[PDB]
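Residue numbers (the authors' numbering), protein chains in the order written: chain F, 153 to 203; chain E, 98 to 146.
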């Protein structure tokens, strides 16, 4: 239970990291989809995101 | 923290301590074991005899 504790913070930490990663990517796609009636950084930042 | 190190303290300290005490008492048990075995086969000389 000290290894369930350390294991719990371990996999909690790693899943927190990957959750932060996908949060960043979907956050960037939200930054893409937010831009309406601009059409200029659309292909720039959006095509940067899809890269 | 010292819940986990309390498992190190009680579990490691008591495990090592009563490991030596219980295993040494088990060595006294093995002394009684070879005692009764020696008296056993020594009484079992009349079997072959």
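Think of the CB as a built atom: it goes at the ideal place given N, C-alpha and C, for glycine as much as any other residue.
* Asked: So what does DSSP say about residue 153 of chain F, is it helix, strand or coil?
  -> DSSP places residue 153 of chain F in coil when its eight states are reduced to three.
* To do: Check each residue of the stretch 104-115 of chain E: if its Cβ is closer than 7 Å to any Cβ of chain B, include it; give the result in chain order.
  => Absence of chain B from the displayed structure is noted, the protein chains being F and E.
* Asked: Which of the three DSSP states, helix, strand or coil, is assigned to residue 142 of chain E?
  -> Reduced to three states, the DSSP call for residue 142 of chain E is helix.
* Between the CA atoms of residue 106 of chain E and residue 113 of chain E - distance to the nearest angstrom -> Their backbone Cα atoms lie some 10 Å apart in a straight line.
* Under three-state DSSP, which class holds residue 190 of chain F? -> Reduced to three states, the DSSP call for residue 190 of chain F is coil.
* To do: Can you give me, in chain order, the residues of the stretch 112-140 of chain E that have a beta carbon less than 9 Å from any beta carbon in chain F?
  => Listed by position, the residues of the stretch 112-140 of chain E near chain F (Cβ gap below 9 Å) amount to none.
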